[PDB]
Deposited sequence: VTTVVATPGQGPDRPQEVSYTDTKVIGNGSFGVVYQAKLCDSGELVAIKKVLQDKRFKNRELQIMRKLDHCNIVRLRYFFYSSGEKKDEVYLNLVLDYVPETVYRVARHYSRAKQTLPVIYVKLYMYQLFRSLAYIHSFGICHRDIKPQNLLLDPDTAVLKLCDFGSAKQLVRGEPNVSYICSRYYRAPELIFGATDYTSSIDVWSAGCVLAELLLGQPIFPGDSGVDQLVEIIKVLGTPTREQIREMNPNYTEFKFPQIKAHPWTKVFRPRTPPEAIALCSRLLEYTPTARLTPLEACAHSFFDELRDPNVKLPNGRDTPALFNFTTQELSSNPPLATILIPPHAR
């Protein structure tokens, strides 16, 4: 049994003794270590991210997660410090048994039923609308960071280790996101990008779930843009200017592949329409996450008599808060169905 003095993720700084056991290393990398463990008083499994923390400043990931409380974001239960002589921050997270990456991989070996594509994407856009309302850009949207509870079909966004509150005028690094999900303005080297890069990445996830494989499987930075161009066609000079004005060059003119021919023969037209409004070259032309939630692709989720394939009721889908609606409050006319009032 390991006992630490841990501070709850929510509320004021009120540290308390927390004991946990059965710690196993699940992942490793440059970020640090991710452990699985069990809380003794409750028996619940948790996940622990261990990163080295300097004592002279606050951990950016920690400060972001402490302001988040949302059904579709992984909860920070506790954080505590531990250890030659270095001090590590440990983030104690809720444990969700599955990720989107693993579930999609099974179908990549057939296609995920579209009811689940609606369910998972809807919750992802909800989580994006929530964090974007704080000015926070996740910057690592990809299937591996989408936790799933298969029993309840609840999705939870995690890994805020790349996240940042984007502030106008402060440039940011362009080499962000996993390659398959990187927005084209990032590939062009734009440093003044906005939270709309998350919407691009979310568009790639949606297309991947419809297609059964990543839509833009680039093998490198430039090749990633080539894969994008081979689907969307060559971006126009105006679209390039919106992404990065420093490209006055002339690129070969590749024709856009017909969107309805990109996906499977019976892909719902609403799904293809949503993809095209997310995977827009011009960053400001993409839907916001809240607009995405209100898209007609998710109308079936607002049906009072909607049936899930697991035989259970749908999770919380319409418990929007003022903070979540702040980018466009009148969208609640669509987002909250009459039976949810």
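Colleague: What's missing from the model if you number the deposited sequence from 1?
Modeller: Since the structure holds only modelled residues, the stretches it omits are 84-86, 113-114, 253.
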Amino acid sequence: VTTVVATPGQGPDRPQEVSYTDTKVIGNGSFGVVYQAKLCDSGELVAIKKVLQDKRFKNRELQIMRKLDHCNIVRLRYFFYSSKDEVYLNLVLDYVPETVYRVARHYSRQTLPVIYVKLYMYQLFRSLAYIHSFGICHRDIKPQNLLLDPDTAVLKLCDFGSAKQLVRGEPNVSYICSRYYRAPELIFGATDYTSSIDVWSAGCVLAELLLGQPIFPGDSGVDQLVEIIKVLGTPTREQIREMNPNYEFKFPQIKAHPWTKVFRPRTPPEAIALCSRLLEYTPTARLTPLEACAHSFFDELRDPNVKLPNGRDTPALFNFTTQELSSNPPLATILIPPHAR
From here on, numbers count along this sequence of modelled residues.
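For clarity, a rigid core is taken as the largest C-alpha set superposing within 1.5 Å between two forms.
Colleague: Please pick 40-48 or 65-73, whichever has its Cα atoms farther from the shown form in 9 other deposited structures of this protein after a rigid core fit.
Modeller: Of the two stretches, the larger average C-alpha offset in 9 other deposited structures of this protein falls on 40-48.
Colleague: May I ask which stretch, 213-221 or 155-163, sits farther from the shown form in 9 other deposited structures of this protein once every structure is superposed on the core, judging by RMS CA distance?
Modeller: So, of the two stretches, the farther one in 9 other deposited structures of this protein is 213-221.
Colleague: When the Cα temperature factors in the entry are averaged, is it 259-267 or 176-184 that ends up higher?
Modeller: 259-267 has the higher mean C-alpha B-factor.
Colleague: What stretch has the higher average Cα B-factor here, 225-233 or 121-129?
Modeller: The entry gives the higher C-alpha B-factor average to 225-233.
Colleague: Checking the entry, which one of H106, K156, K142, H138 has the top C-alpha B factor?
Modeller: Top of the list by C-alpha B-factor: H106.
Colleague: Out of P113, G203, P252, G161, which one has a C-alpha B factor higher than all the others in the entry?
Modeller: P252 has the highest C-alpha B-factor of those listed.
Colleague: Looking at the C-alpha B-factor of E208, is it in the lowest, middle or highest third of its chain?
Modeller: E208: CA B-factor falls in the lowest third of its chain.
Colleague: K307: which third of its chain by C-alpha temperature factor?
Modeller: It falls in the top third of the chain.
Colleague: Relative to the other modelled residues in the chain, which third contains the C-alpha temperature factor of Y247: lowest, middle or highest?
Modeller: As the PDB entry reports it, the C-alpha B-factor of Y247 lands in the highest third of its chain.
Colleague: For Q10, does the deposited CA B-factor place it in the lowest, middle or highest third of the chain?
Modeller: For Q10, the deposited C-alpha B-factor lands in the highest third.
Colleague: Thinking about Cα B factors across the chain, which third does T191 belong to?
Modeller: For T191, the deposited C-alpha B-factor lands in the middle third.
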